Number of protein chains: 2
Amino acid sequence: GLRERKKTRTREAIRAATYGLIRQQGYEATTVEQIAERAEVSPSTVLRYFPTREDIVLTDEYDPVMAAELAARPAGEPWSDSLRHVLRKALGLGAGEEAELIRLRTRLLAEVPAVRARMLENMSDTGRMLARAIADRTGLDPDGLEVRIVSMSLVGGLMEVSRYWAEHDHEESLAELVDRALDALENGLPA
Amino acid sequence: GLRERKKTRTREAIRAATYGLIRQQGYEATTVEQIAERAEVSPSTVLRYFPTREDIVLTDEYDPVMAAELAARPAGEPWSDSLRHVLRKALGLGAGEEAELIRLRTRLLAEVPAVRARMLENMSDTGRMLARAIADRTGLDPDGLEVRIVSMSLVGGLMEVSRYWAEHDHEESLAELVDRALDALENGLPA
């Protein structure tokens, strides 16, 4: 019954271990086994919480995290600037070494189709939390089509940018690519 | 050396079997084993060609099929009507019992997250053929960001529609949902 917070505290320690190990030693050098030890937790506890290591990577999950970022604007802010806010943050733009960890997840997205594969299977099976937050601030039907289209389209926008940054870093920053992405999502189709 | 066409002819017979069995007996009643026999082919031939049954479902693959549909417009047709064409076809709108088979794949997309899961993993790992065909007819950079955003956004549009149709068929046809989808993709973000 203080079980909903031994639960999260252990999820978080596994999250922190795996991130910690990836910085030092790269993704594939990171074994679940190595992860338990560092989280000071059994291997079957990791598994039970995170079926694959991709799942640990995608714990700060996108949809719920971009949704909350958007609900909590909460500024009577135009749409364009809420969308700039949430997409920059979701990709790891900003001060914070919390931004720094997010940026690493942005690179994994590009380097690991296993990670990009999973974020992709993740990527249907919901959340509709982001869709529901777009509806609040546009007033649209929360369960309607339009908002699911926009939401898929932002989630797959963030994924295209992160793939594109990894191949074009020498010539474009993450930041200007985000600007390009937002522009295309807001104005692109035309005709 | 008539190996590139025993190859396709066998791919096609497996495709036809599996479609055939699904109509009669539903998806899960369809075993790879049942599939070999009907295709009159070994079980390990199916596997070697299609790792999972989801792969057989997604053989007429979306990206290459929507790309070719778009390249081959080839009508100096406005953008909006090429996009209406290709999305209607991709979902199974049109005369043809070829349309009828496509519609079944549209229903599987909604009913089988295993199928929707796989079309989703499929769904990063490329094709960029659709992206390349959007570039021809907009003149955009074929390897640029903008065209990858638009393409992801149409592919995930078609997937949202097909999910939405399955829950809203009694009140909306596939066809008017496509119209809703195209409208949102063309005009929606606004603000």
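Sequence lines set the chain letters: A, B, ... in the order given, protein chains first and strands last, and positions in each chain run from 1.
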Discussion item. Quick check: under 4.5 Å, non-hydrogen atoms only, which of residues 43-66 of chain B neighbour chain A?
Written reply: none
Item to complete: Tell me, for A:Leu83 versus chain B, whether the close heavy atoms (under 4.5 Å) come from the side chain, the backbone, both or neither.
Response: side chain
Discussion item. Please classify the contact between B:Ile134 and chain A as side chain, backbone, both or neither, with a heavy-atom cut-off of under 4.5 Å.
Written reply: neither
Discussion item. Does any backbone or side-chain atom of B:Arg128 lie under 4.5 Å from a heavy atom of chain A? Answer side chain, backbone, both or neither.
Written reply: side chain
Worksheet item: Is it true that atom CD of A:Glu40 has more than 12 heavy atoms of other residues, nucleotides or ligands lying nearer than 6.0 Å?
Response: no
Worksheet item: Taking a hydrophobic cluster as the set of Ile, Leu, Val, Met, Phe, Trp and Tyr residues connected by side-chain heavy atoms closer than 4.5 Å, whether directly or through intermediates, do B:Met159 and B:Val112 fall within one such cluster?
Response: yes
Item to complete: Might you point out which heavy atoms bring A:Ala191 and B:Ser80 nearest each other, and give the distance in Å?
Response: O-OG, 2.6 Å
Item to complete: Step through the shown structure and confirm whether more than 12 heavy atoms of other residues, nucleotides or ligands are within 6.0 Å of CE on B:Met129.
Response: no
Worksheet item: With the 4.5 Å side-chain cut-off for hydrophobic clustering, are B:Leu93 and B:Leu130 part of the same group?
Response: yes
Fill in: Structural part of A:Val161 lying under 4.5 Å from a heavy atom of chain B
both
Worksheet entry | Single-linkage hydrophobic cluster B:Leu109~B:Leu104, side-chain heavy atoms < 4.5 angstrom | yes
Using atom types as modelled, flag every donor-acceptor pair under 3.5 Å from a side chain in residues 119-127 of chain A to any protein atom, sequence neighbours excluded.
residue: A:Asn122; atom: OD1; partner: A:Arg118; partner atom: NE; Å: 2.8
residue: A:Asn122; atom: OD1; partner: A:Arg118; partner atom: NH2; Å: 3.4
residue: A:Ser124; atom: OG; partner: B:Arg116; partner atom: NE; Å: 2.6

Discussion item. Checking an interface table here. Which of residues 6-22 of chain A come within a heavy-atom distance under 4.5 Å of chain B?
Written reply: none
Response to the item:
Taking a cut-off of under 4.5 angstrom between non-hydrogen atoms, the residues of residues 163-190 of chain B near chain A are B:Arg163, B:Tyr164, B:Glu167, B:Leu177, B:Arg180, B:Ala181, B:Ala184, B:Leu185, B:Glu186, B:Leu189, B:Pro190
Discussion item. Does A:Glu97, at its CD atom, have more than 12 non-hydrogen atoms belonging to other residues, nucleotides or ligands within less than 6.0 Å?
Written reply: no
Worksheet item: In terms of hydrophobic clusters joined by side-chain contacts under 4.5 Å, are B:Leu87 and B:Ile102 together?
Response: no
Discussion item. Taking CD in B:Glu37 as the centre, count heavy atoms belonging to other residues, nucleotides or ligands within less than 6.0 Å. Is the count above 12?
Written reply: no
Discussion item. Counting neighbours of CD on B:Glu98 that are heavy atoms of other residues, nucleotides or ligands and sit closer than 6.0 Å, is the number greater than 12?
Written reply: no
